[PDB]
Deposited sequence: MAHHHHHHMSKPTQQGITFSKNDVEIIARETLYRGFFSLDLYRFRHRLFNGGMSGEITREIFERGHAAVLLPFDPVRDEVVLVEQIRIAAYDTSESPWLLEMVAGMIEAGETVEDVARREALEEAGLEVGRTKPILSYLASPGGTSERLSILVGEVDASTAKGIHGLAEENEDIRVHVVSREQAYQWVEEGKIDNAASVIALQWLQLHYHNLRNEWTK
């Protein structure tokens, strides 16, 4: 079956910016259809607005290796042993840029990686109870033996990277989603990129 209602079954009455700095905190005021058939009353929700991002999983299909980038993310501090995380290449998307354009650029800049073919993985909402942020992931064909370049660049086997997901050593959403997808799809990907 699936979801019942569409973007046309909600009325956004007004938006209000409660905080504006590098990012924003907005208040949405809205009403929406109910499953029974009625119309909700007026609801307000706080929403963290920080734009949207492109993510690239660098995968070498011949070596069966991924490239990860390590750097500090201070928001991890309170719930992690260390705030230095192993992550995918990623960048914010500015007006007029494509996901692929940003993903290729950041792969070159962050990890010194020239990307061959790309393929979409998935596009996901990071945490839609409280933020609008959407991240669109591509897998990018790389030669992992060329990975060069603060930030530290790591080359590891696909199996090792996935075991690190299982063990909680990689535990940021973008990387977890990308590496789980790779564990499910690497056979067909290796075939396609031969």
Coverage holes, deposited numbering, ordered by position, sit at 1-14, 164-172, 218
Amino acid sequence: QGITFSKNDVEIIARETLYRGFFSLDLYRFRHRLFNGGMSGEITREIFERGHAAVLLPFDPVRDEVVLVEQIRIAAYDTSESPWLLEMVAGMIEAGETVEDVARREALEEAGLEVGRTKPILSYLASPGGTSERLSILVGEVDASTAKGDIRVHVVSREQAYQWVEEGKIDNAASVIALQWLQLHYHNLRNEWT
From here on, numbers count along this sequence of modelled residues.
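We call the rigid core whatever largest set of C-alpha positions still superposes within 1.5 Å between the two forms.
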With the rigid core as the fit anchor, does 24-32 or 37-45 show bigger C-alpha shifts in 8 other deposited structures of this protein? 37-45
Between 140-148 and 62-70, the one drifting more in C-alpha RMS in 8 other deposited structures of this protein once the core is aligned is 140-148
Given the B-factors recorded for C-alpha atoms, which segment has the greater mean, 31-39 or 44-52? 31-39
Stretch with higher mean Cα temperature factor, 74-82 vs 98-106, is 98-106
Whose C-alpha has the highest temperature factor in the PDB entry: 146, 131, 136, 157? 146
Deposited CA B-factor, highest of 90, 93, 121, 113: 113
Using only modelled residues of the chain, where does the Cα B factor of residue 16 rank: lowest third, middle third or highest third? middle
Sorting by Cα B-factor within the chain, modelled residues only, which third would residue 151 end up in: lowest, middle or highest? highest
